[PDB]
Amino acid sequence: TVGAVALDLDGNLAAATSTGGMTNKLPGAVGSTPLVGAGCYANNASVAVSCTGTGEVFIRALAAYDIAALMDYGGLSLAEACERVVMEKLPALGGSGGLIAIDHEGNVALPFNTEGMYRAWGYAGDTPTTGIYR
């Protein structure tokens, strides 16, 4: 699973996610990647999110939209919303993985509950940051 989230110079958010799925999966199984609100979501009012990990749990928890709803309705910060979804609610359903998220104010979060998440981010005109491990 791969993904990207961006905030452009016009203040627009977007998200995209792509995957080959899980090794040895049942043919015809569908995880969170192609499901709006599960593996991918963007809304200028809140956040752009791309998710990777246990597909069935990201769907059941609507992880990507839940970040947006926790911020928009719950008043949580992006950091608080990311902590709640990735470190509390996803493990409570037996889910492991992470997500990348940018809010309309340009805050960035890359939470994950796994050993690693291949990740990078950077502000325009600045030097990128990269990560694999915790």
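Residue indices: 1-based, along the sequence shown.
Novice: Higher mean Cα B-factor in the deposited model: 125-133 or 1-9?
Specialist: Result: 125-133.
Novice: Can you tell me whether 71-79 has a higher mean C-alpha B factor than 45-53 in this record, or the other way round?
Specialist: According to the PDB entry, the answer is 71-79.
Novice: Whose CA atom has the top B-factor in the entry, of 28, 91, 98, 37?
Specialist: Most elevated C-alpha B-factor of the set, per the entry: 91.
Novice: Using the B-factors in the PDB entry, rank residue 22's C-alpha atom against the chain and give the third, lowest, middle or highest.
Specialist: Answer is highest: the recorded C-alpha B-factor places it there.
Novice: C-alpha B factor of residue 87, ranked within the chain: lowest, middle or highest third?
Specialist: Answer is highest: the recorded C-alpha B-factor places it there.
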